[PDB]
Structure formats: C-alpha cells, structure tokens
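Asker: Each protein sequence line maps, in turn, to chains A and B.
The first sequence lines up with residues 5 to 178 when you count with the entry's author numbering.
The second sequence lines up with residues 108 to 526 when you count with the entry's author numbering.
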Amino acid sequence: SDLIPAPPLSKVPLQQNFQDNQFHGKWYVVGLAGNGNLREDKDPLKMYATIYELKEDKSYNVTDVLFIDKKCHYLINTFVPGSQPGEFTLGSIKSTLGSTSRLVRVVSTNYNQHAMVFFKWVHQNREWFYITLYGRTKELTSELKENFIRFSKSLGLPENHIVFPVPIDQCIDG
Amino acid sequence: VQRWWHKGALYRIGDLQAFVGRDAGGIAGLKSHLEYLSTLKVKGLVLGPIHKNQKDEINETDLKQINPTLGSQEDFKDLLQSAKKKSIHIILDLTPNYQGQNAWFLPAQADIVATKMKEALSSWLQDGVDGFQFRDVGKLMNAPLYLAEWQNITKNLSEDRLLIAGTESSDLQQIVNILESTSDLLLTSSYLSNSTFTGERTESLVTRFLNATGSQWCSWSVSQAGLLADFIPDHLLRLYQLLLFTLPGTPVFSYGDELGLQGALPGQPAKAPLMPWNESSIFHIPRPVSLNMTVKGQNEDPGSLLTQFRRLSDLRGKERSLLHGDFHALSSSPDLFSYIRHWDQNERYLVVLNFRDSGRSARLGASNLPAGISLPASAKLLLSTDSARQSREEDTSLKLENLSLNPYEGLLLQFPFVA
C-alpha cells in the first residue's frame, strides 16, 4: 500500500468540546510533518498562513495564503463538518466507508496561541496524512515544537519527514 | 516503418485557454508547454475545436477561421513547426457547433455541414495539420457515409493522415458499425467506462472488442473527450493507466489524466478545469495536500501518477512488443486479467491486473499459447502500480509459479525469447 504507512484514526486524538468560534481567524504554519511532499520548490518549504472563517452553516471558508513565483496566491476551500465537532470533510462525499477519505481533525489547541490539526487524503489505495502545527504568531517555544516532533514520531513519521517552514513576511503578514 | 500514431499515445486538449491559464493566449501559450509534453512521450496532440462558432448559427460558423481570442493563423503555424521539431503531430477537432447543444447542427443541415467540412479539410491539410477529430458522431445524420467521404477527401490529398471519430455510446455493435464504415479510423467511446469494473468484466469487454475488430489497429480510451478520473473509480486509476498503455493499439488520454485531474462536479457548469502547473491554478484542494496534486508537485514524486504515466509512455515508445506486438490472454484466478505482448523474438511483456481488494494468486495458465511463447520460472518486474511494492521490487526477479498480487495491484513483467 504505502511506502511510509498511515496511522488509524483510532490513534489520532480529537480536541474535546471544540469551540469553532474561538478557533476562527488566522493561523501561521510553524510546523508541518507527513508522508507526502514537504516542499513546493527546490529549497525547504517557506511558511504559509491559513484563515478559518466560520460561516452561518458552521462550515469553514478556509483560505491558504501562499507566496509562490514572487506573488501572493489564495487557495479557497470548504471544511464541511463530520460526525463530531472539530472533524471536517472536503469535496462531495460518495460512500460512508469513503466519507473518511478526505478528512481534517483538530487534535489539540488552546485557541489563542497553538493548535495541532491532522489531515487525511486517500489517493489510489494510499493515504496522505499530515500534522500541521499552527501558531497565532510565527514563533512557538521549544517545548511546543518538541511536543509536535514526539506526536509526529508517535504516528510513524521519521525525523526527516518533520519540518518547520522558514518564516517569511511577504503575503502572510496580511 | 509504421504510422506515426502507432508509435505512442494521443493527448486531447479541448480548452487551450484552460490548459495554458490566464497568463498567455491559447495557441501561443500551448507552444511553451511542448517540453513538458515531450517528457510524457505523446506522439500527437488533439487540439480544439479552435474555429469561429456562433452558438447554433451555421452561416456564422467558419471551420477555417481561428477564434481571435486563442491567436492568429501565424501563431498556429509556429505551433505546428515547434511540435514537428519535437516529433509531435497536431490533430484538429472540427466538431462544427461545439458551442451549442446539437454538435452537428440540425439533422436536415447535415448536407450543408458536409460541404463546409470538405472545404475545411483541404485548407488545414495545406496549413500542415496531420489529422482531424470528429466527436458526437451519434448526433450526425449518416455519420458512416460522411466519415467515409472525409477519409476519401483526406487520403486523396495525403496517405499518412489520421482521422479520429468520437461517440458517447458504450455499445459494442454501434461502435463496430462506425469502425467498419471507414478504414484506418480511430474511434473513442464509453465502452471501457460502462462497467462493474470487475476483473472478469474488464477482461470480457477487452477480449470481446478485439474479437469483433480482428486485425484492424484499435484505439483504447475511456471517453471521447472527458477526464479518466471522472469515469473510472479512484482505486482503479493506476490499474487502468497500465491497462490502456499495454493493450494492442493507440492509447488516447485528455490533459490531466497523467495527474488524475477531475473535471466539473455534478453540481457545476460542465466545463474543463485548469491544468494545475503549480498551486496558483488548482481548485478544491487545500494545503498541505495541494503540494502533491500539481505538475511541479508530482514531477519529483517517485510514487505519483505523473511518474507512472512517464514510465509506461516511455516503454510504449521504444519496446517493439508494445509498439506493434500481438496479444494473447492467459487463464488466471477469477477477477485477475493477465495477458502477453510479443513481437517475433523481441522481449515478451507479461501484464497481470488484480481487480479485487485482497491478496490473490495469479495462477497463470499459458498452455494454449503459440509455440515459442513459454512462461519462464522467473521474470523482471518493470513496474507495479502498488507504490509500496514498486519502491521495494522495481527491476527485481519474481517467481511466476506462486506469483501473488496486492489489492488492486497491476504488474508489468519482462522476459526474453529463449533459443
């Protein structure tokens, strides 16, 4: 199946009593880990920003702020809610077995400093899984960055598949 | 020495603006992406339609006039010449009323359309195009008659020119009737998309079609226009890619098939998506997974569809058995479709496709094959569609007698003639 295999969702925690309002607004990607690509170009991946804008139907208008080919680019997507609060899906859901195929899950957050979000994306009998370490600033302490590595490694990711996107300023500073 | 369209895959580009983006004009911008198209090893581009067409007005439809939006006649000559240097031929789609509901105008106007077509064919042939495509021929009064006329018109002016017919039909008899009306005519259809997608059904469809078309050089597609990922379930995309490249004939793809690109959702206006060169032209895919679903993203990725497409397309281009080899189906376990490609004493190619979501023994039976074709004890694995196995066993020797396949796994193995 996978070169670097995926963990079961039974081994991925869910942030208890998820406050979708407190989680809203801009997050900087301080850390990124996963079994997929971790670079856009030939150099290490540069920091990007994700804005979770809570709609009235309690889905997220999610906007990724990207600095690519010396211009600002914006990926706009819809995180539709799943079974529990803090879980979301992406695109048109076909099956109930394949309702978990494109899924986002908030692991932990204190809402006003740090957050950890799990991504699942199936692609031809293989699963891309990522862990995003979010910050309200571009900096986070060694303890929080160490917690991210420990949790990343615990889901079966080597150290060379865990990166801390190089902080930038263009586009992501609003 | 064989026809140029025997030598590799065809690559359909319906919306030149969507393939290029907002950065440049359709025809001029297409020229700049030829280097990329060379890496895919495609032998022909099926472009357009690009001609002037006022929705459902026959007198305001000119098959010789290029939509000025896309570019000029001068821009199109540059493309033809640029492509010629790369050994890439240009097919022009001339489906007349492509902006309207009835593709061939009203049934009673067939006679007027045919005269417009006759005139168009001569002009474009002079301009230096190497063939033409006609889609929705199910909506054309006397399609067999007109396709024949247009072949006669094309052949009368040159020998080494290709005509492609398209249909929405998945019906064997309908497809054969159109094929038999005209010689050396490729026909794209929904034949391979109208399926339970079980191994026995896939084997049945392929073997029945080859039995009906006998010795004729077939084409292999999943539709006349649309993306493969819109018709084939996600779990079979790699398996179908292997199937299409290794069946005897010319495989036909649309731009984005090498990426696994999907078109408009069932709740959107049915119009072609942007070719995602980078993340500045992708839709419905957020970070961080978006990093994996662009041309730039899949380019360096060993386990991407773009890598499998390039690998299989390269083999299809240079191996004589895959270029113009005979085909023999093998007996195997239920829902495994195994077959051999062979030309004279050149390398044999053994293909084994597991269409089940479980480990399965191939149980290959080769007893009824012609003399001189015998399975050896072991054979070289060139490509598994299972990325896990490909990263561990590519270019390794596998024992055939106890051969087992992973869920939805496809194997391409190689073995030489033994003298």
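Note that the Cβ used here is the ideal one computed from N, Cα and C, for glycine as well.
Would you verify that the beta carbon of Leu398/B is, or is not, closer than 7 Å to some beta carbon of chain A?
Answerer: yes
Asker: Closer than 8 Å by C-beta to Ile72/A: which residues in its own chain qualify, once you throw out the five before and the five after it? Chain order, please.
Answerer: Excluding sequence neighbours, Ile72/A sits near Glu44.
Asker: Are the beta-carbon atoms belonging to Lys159/B and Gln172/B less than 7 Å from one another?
Answerer: yes
Asker: Who are the neighbours of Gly86/A on chain B, taking C-beta pairs under 8 Å?
Answerer: Under the 8 Å cutoff, chain B gives no residues; its nearest Cβ is about 15 Å from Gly86/A.
Asker: Work out the CA separation of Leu292/B and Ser229/B for me, nearest whole Å.
Answerer: Spanning the two alpha carbons is a distance of roughly 18 Å.
Asker: If you compare alpha carbons, which of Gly370/B, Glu454/B, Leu443/B, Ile157/B is closest to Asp433/B?
Answerer: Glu454/B
Asker: Using a Cβ cut-off of 8 Å, pull out every chain B residue sitting near residue 4/A, in sequence order please.
Answerer: The shown model of chain A, from 5 to 178, leaves out residue 4/A, and the question about it has no answer.
Asker: Using alpha carbons as the reference points, say which of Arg140/A, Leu159/A, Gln88/A, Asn164/A lies closest to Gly29/A.
Answerer: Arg140/A
Asker: Quick one: residues in its chain with C-beta nearer than 7 Å to the C-beta of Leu312/B, no 5 flanking neighbours on either side, listed in chain order?
Answerer: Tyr298, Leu299, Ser302
Asker: Given a threshold of 16 other Cβ atoms within 10 Å of its Cβ, counted over all protein chains shown, does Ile339/B qualify as buried or as exposed?
Answerer: With a threshold of 16 other beta carbon atoms within 10 Å, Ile339/B meets it and is buried.
Asker: Take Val402/B as the anchor and find which of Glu256/B, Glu181/B, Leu381/B has the nearest alpha-carbon.
Answerer: Out of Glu256/B, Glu181/B, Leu381/B, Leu381/B has the C-alpha closest to the C-alpha of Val402/B.
Asker: What is the C-beta distance between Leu334/B and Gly370/B, in whole angstroms, given that I count them as a contact (C-beta under 8 Å)?
Answerer: 5 Å
Asker: Nearest chain A C-beta to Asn461/B closer than 7 Å, yes or no?
Answerer: no
Asker: By the three-class DSSP mapping on this structure, what secondary structure does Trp111/B have?
Answerer: helix
Asker: 7 Å is my cut-off, CB to CB: does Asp47/A come that close to chain B?
Answerer: Not closer than 7 Å to any Cβ of chain B, the Cβ of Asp47/A fails to qualify, so no.
Asker: Determine contact between the stretch 106-121 of chain A and the stretch 147-160 of chain A, defined as no fewer than three beta-carbon pairs at a distance below 8 Å.
Answerer: yes
Asker: Which residue wins for smallest C-alpha separation from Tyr115/A, given the options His127/A, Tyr32/A, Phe133/A, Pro171/A?
Answerer: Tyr115/A has its Cα closest to that of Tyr32/A, out of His127/A, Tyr32/A, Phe133/A, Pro171/A.
Asker: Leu346/B and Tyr143/B: beta carbons closer than 7 Å?
Answerer: no
Asker: Using the beta-carbon count (16 or more within 10 Å), is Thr289/B buried or exposed?
Answerer: buried
Asker: Grab me the residues of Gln124/B's own chain with a C-beta within less than 6 Å of its C-beta, minus the 5 sequence neighbours each way, in chain order.
Answerer: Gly133
Asker: Verify the CB distance criterion: does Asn41/A have a CB-CB separation below 7 Å to chain B?
Answerer: yes
Asker: Looking at the C-beta of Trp31/A, does it have a partner C-beta in chain B at a distance below 7 Å?
Answerer: Not one beta carbon of chain B lies nearer than 7 Å to the beta carbon of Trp31/A.
Asker: Any contact between the stretch 421-437 of chain B and the stretch 391-410 of chain B? By contact I mean 3 or more CB pairs, one from each, below 8 Å.
Answerer: no
Asker: Kindly indicate which three-state DSSP category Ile271/B falls into: helix, strand or coil?
Answerer: Looking at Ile271/B - three-state DSSP - the assignment turns out to be strand.
Asker: By the 7 Å beta-carbon criterion, what residues does the stretch 323-344 of chain B contribute toward chain A?
Answerer: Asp341, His342, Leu344
Asker: Please check the pair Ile197/B and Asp237/B, which I expect to be a contact at CB under 8 Å, by giving their CB distance rounded to whole angstroms.
Answerer: 6 Å
Asker: Can a CB atom of chain A be found closer than 7 Å to the CB of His140/B?
Answerer: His140/B does not count as touching chain A.
Asker: Can you tell me whether DSSP reads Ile219/B as helix, strand or coil?
Answerer: helix
Asker: Distance, Cα to Cα, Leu372/B vs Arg417/B?
Answerer: 27 Å
Asker: Apart from the five residues just before and just after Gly136/B, which ones in its own chain have a Cβ nearer than 7 Å to its Cβ?
Answerer: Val127, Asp130
Asker: Does any C-beta atom of chain B lie closer than 7 Å to the C-beta of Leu7/A?
Answerer: Output row for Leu7/A: interface = yes.
Asker: Taking just the CA atoms, how far does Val359/B sit from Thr295/B?
Answerer: 8 Å
Asker: Using a Cβ-Cβ cutoff of 7 Å, what residues of the stretch 395-419 of chain B are near chain A? List them in chain order.
Answerer: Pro395, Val396, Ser397, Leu398, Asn399, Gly404, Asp408, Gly410
Asker: Leaving aside the five residues before and after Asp464/B along the sequence, list all residues of the same chain whose C-beta is less than 7 Å from its C-beta, in chain order.
Answerer: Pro514, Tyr515
Asker: With DSSP as the reference, label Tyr52/A as helix, strand or coil.
Answerer: coil
Asker: Am I right that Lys246/B and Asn209/B are in contact with their C-beta atoms under 8 Å? What's the rounded C-beta distance?
Answerer: Rounded, the Cβ-Cβ distance is 6 Å, consistent with contact.
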